[PDB]
Amino acid sequence: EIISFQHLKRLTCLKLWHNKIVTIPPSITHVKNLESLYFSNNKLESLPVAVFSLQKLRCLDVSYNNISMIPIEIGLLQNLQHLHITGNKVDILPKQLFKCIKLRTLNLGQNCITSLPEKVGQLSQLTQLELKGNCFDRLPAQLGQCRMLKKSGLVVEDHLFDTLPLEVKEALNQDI
Amino acid sequence: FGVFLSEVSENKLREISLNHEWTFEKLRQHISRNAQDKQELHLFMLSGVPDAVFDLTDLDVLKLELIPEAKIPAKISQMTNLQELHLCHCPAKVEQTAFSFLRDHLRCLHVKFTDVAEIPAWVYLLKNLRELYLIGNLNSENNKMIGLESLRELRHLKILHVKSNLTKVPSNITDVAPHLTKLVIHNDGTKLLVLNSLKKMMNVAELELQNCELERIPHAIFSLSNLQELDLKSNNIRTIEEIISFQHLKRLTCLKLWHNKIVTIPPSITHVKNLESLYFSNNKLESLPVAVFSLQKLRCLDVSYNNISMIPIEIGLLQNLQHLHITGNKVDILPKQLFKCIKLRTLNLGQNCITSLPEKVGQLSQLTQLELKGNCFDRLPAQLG
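Laid out in structure tokens, this is it:
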């Protein structure tokens, strides 16, 4: 009962997994000091829509799930850090994460993504972006603007090391 | 005296001995590999496993080959940087208290090289696997039944891989699983395949049906919308299939097939506009391929292992090609437009005793890999320099 959580407003890192989570309630406004939430072993398809009320979160509760998007709360996340958006099917990803810079882990399995715009080349504070399962053969130029970050999940082969020998080759060769 | 006949009492001494001489000083100096630190150990000789091997903290992969025994306690819960484990002709049926940290953190394996009776079962039901390596396992149609609901259901399952069996459908009703992205199978015997796969496995980015005897490609493969394959290596592909389904699937980006019987390709190869990497070999061709100069995205020239007397005037296509490969021919002439491209990195033209090179090779100053065999090799001009 989240009216009790209105008096328990200092739950800063709520964590709970290995459970029967159907969905999350909309009253998660009632915890302002919350700065990180992460779950696992949850069954869903609908999007968590009450996330933009809480401005402080740095982790997402999105492992062992079934999801098709990241929701419209993307415009207000700035101080966030962790995205283990894993167990999904989506190709599109919204062009929003050039605004937020503090996020450092895109631990995103199961996404055969196609495009990675300026949002992937803007985040200097990031250093990690996991992906397995991909076309991995579009390989955009914004990855050339990624020398501040170091390592991705699977992309380091000669498919990216033969496209664009001036941007990404000089990037991932001056980095090491 | 009757003590020394009982074999379990001798198993006691071999277990105490193999715990004895594998100290930390001996075992921890043995670890060596480059990408991941695989603990090799002579496990065919090791009848019982050691346990001081669990006292090593930078070990993330290791291999088990020909064990009689089964020992792995929850002691390796502490060194939970492990993500995959090789087991081959190897059971380990001790696993109740240790099931949870391998259920979560371990996501991959090499469970190959068994029969169809001694098959580990816990690997079926730990819900967080990503890549399966199940080869050398002679899966008959009574052995199709061992593919059950949990590996049908589970989350992260990237790939699986099957080799050298009588199999034609190991478990393709698994296809509701959300990460089938590379399905690779070996040693087909027939041309039969199940229709449930392509309309429910909506997510394969690769497929490698090596060592088949088909000439068929699934024409109904249009449902899966992000695919970069057609691979049927080691197959007599006589004439290729209906390509307007490949016009629907214009997102074919890495099409490659060889050890084949390609006569010619129809001009529907223009239809895959998003095709950047393409390499063939081992096919009989002398004719000039027609529609090849429409593939603007290209990076490789799929003309390996076929003779050519006159290469076509199609090098006005190659703005951004990256690799040559042209092998087994006799030609001495090449047109001028190769100074258009600066993108290529391999002069890869085997078996051409060509005369010399024009000014266009001075285009490719940043190039570092040149390949030929046989030349006039007497001019060798300064545009190479």
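Quick mapping for you: the protein sequence lines, in order, are chains A and B.
Residue numbers for the first sequence, in the authors' numbering: 675 to 850.
Residue numbers for the second sequence, in the authors' numbering: 434 to 818.
Where a beta carbon is used, it is the ideal one built from N, C-alpha and C, also for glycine.
Closer than 7 angstroms to a non-hydrogen atom of the ligand PLP - does that hold for the CB of residue i?
i: B:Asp-765; result: No copy of the ligand PLP occurs in the structure displayed, which carries no ligand at all.
Of all Cβ atoms in chain A, is any one closer than 8 angstroms to the Cβ of residue i?
i: B:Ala-610; result: no
i: B:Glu-709; result: yes
i: B:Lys-545; result: no
i: B:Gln-755; result: yes
i: B:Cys-687; result: yes
i: B:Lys-591; result: yes
i: B:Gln-469; result: no
i: B:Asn-514; result: no
i: B:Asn-636; result: yes
i: B:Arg-466; result: no
i: B:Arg-671; result: no
i: B:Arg-588; result: yes
Whose CA, out of the options, lies closest to the CA of residue i?
i: B:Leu-813; options: B:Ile-787, B:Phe-477, B:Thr-779; result: B:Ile-787
i: B:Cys-809; options: B:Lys-633, B:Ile-744, B:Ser-789; result: B:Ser-789
i: B:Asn-598; options: B:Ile-500, B:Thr-607, B:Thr-614, B:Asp-621; result: B:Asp-621
i: B:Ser-678; options: B:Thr-703, B:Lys-666, B:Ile-695, B:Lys-694; result: B:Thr-703
i: B:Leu-805; options: B:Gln-796, B:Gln-799, B:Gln-784; result: B:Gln-784
i: B:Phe-457; options: B:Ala-485, B:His-652, B:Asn-575, B:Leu-451; result: B:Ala-485
i: B:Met-743; options: B:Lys-763, B:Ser-727, B:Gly-807; result: B:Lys-763
i: B:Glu-551; options: B:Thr-672, B:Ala-525, B:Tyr-566; result: B:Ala-525
i: B:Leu-767; options: B:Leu-782, B:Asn-715, B:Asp-664; result: B:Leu-782
i: B:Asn-739; options: B:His-692, B:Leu-780, B:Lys-577; result: B:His-692
i: A:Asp-765; options: B:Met-635, B:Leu-797, B:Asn-753; result: B:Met-635
i: A:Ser-798; options: A:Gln-755, A:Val-829, A:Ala-724; result: A:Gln-755
i: B:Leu-539; options: B:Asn-629, B:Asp-548, B:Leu-565; result: B:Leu-565
Going by the beta-carbon positions, is the gap between residue i and residue j smaller than 8 angstroms?
i: A:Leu-708; j: A:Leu-731; result: yes
i: B:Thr-801; j: B:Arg-778; result: yes
i: B:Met-512; j: B:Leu-489; result: yes
i: B:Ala-610; j: B:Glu-586; result: yes
i: B:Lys-776; j: B:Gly-749; result: no
i: A:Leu-721; j: A:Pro-745; result: yes
i: B:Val-527; j: B:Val-544; result: no
i: B:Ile-676; j: B:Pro-699; result: yes
i: B:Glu-641; j: B:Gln-661; result: no
i: B:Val-617; j: B:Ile-592; result: yes
i: B:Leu-690; j: B:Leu-665; result: yes
i: A:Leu-728; j: A:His-758; result: no
i: A:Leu-823; j: A:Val-842; result: no
i: B:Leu-499; j: B:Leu-518; result: no
i: B:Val-595; j: B:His-619; result: yes
i: B:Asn-514; j: B:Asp-537; result: no
i: B:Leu-558; j: B:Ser-533; result: no
i: B:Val-602; j: B:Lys-577; result: yes
i: A:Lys-793; j: A:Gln-770; result: yes
i: A:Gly-827; j: A:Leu-803; result: yes
i: B:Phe-546; j: B:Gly-569; result: yes
Do we get a CB-CB distance below 8 angstroms when we pair residue i with the residues of chain B?
i: A:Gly-749; result: no
i: A:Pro-814; result: no
i: A:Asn-847; result: no
i: A:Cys-733; result: no
i: A:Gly-818; result: no
i: A:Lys-806; result: yes
i: A:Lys-763; result: yes
Segments of 4+ residues assigned as alpha helix (DSSP H) that fall wholly inside the stretch 678-737 of chain B: Complete alpha helix (DSSP H) runs here, min 4: none at all.
Continuous beta strand (DSSP E) assignments of at least 3 residues falling wholly in the stretch 759-809 of chain A: The qualifying runs are 779-781, 802-804.
Beta strand (DSSP E) runs contained entirely in the stretch 602-680 of chain B, provided each spans 3 or more residues: Those beta strand (DSSP E) runs which fall completely within the stretch 602-680 of chain B and span 3+ residues are 615-618, 639-642.
Runs of beta strand (DSSP E) wholly within the stretch 553-588 of chain B (minimum 3 residues, chain order): Within the stretch 553-588 of chain B, there are no complete beta strand (DSSP E) runs of at least 3 residues.
Contact set between the stretch 768-800 of chain A and chain B, restricted to residues whose Cβ is under 8 angstroms from the partner: Interface annotation for the stretch 768-800 of chain A against chain B: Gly-783, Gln-784, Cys-786, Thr-788, criterion Cβ-Cβ distance under 8 angstroms.
Contact set between the stretch 556-574 of chain B and chain A, restricted to residues whose Cβ is under 9 angstroms from the partner: If the cut-off is 9 angstroms between Cβ atoms, the stretch 556-574 of chain B has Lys-560, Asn-561, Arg-563, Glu-564 near chain A.
Chain A contacts from the stretch 689-723 of chain B (Cβ-Cβ distance under 7 angstroms): Of all residues in the stretch 689-723 of chain B, only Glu-709, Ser-710 come within less than 7 angstroms of chain A when Cβ atoms are compared, listed by chain position.
Selection of the stretch 638-662 of chain B by Cβ proximity to chain A, strictly under 7 angstroms: Taking 7 angstroms as the Cβ-Cβ cut-off, the stretch 638-662 of chain B approaches chain A at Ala-638, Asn-659, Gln-661, given in chain order.
Contact residues within the stretch 822-841 of chain A, judged by C-beta distance below 8 angstroms to chain B: In summary, the residues of the stretch 822-841 of chain A whose CB is separated from some CB of chain B by less than 8 angstroms are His-833, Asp-836, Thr-837, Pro-839, in the order they occur in the chain.
Residues in the stretch 612-633 of chain B having any Cβ partner in chain A nearer than 7 angstroms: Contact residues of the stretch 612-633 of chain B toward chain A are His-612, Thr-614 (C-beta to C-beta distance below 7 angstroms).
Unbroken stretches of the beta strand (DSSP E), 3 residues or longer, contained in the stretch 483-538 of chain B: Those beta strand (DSSP E) runs which fall completely within the stretch 483-538 of chain B and span 3+ residues are 494-498, 517-521.
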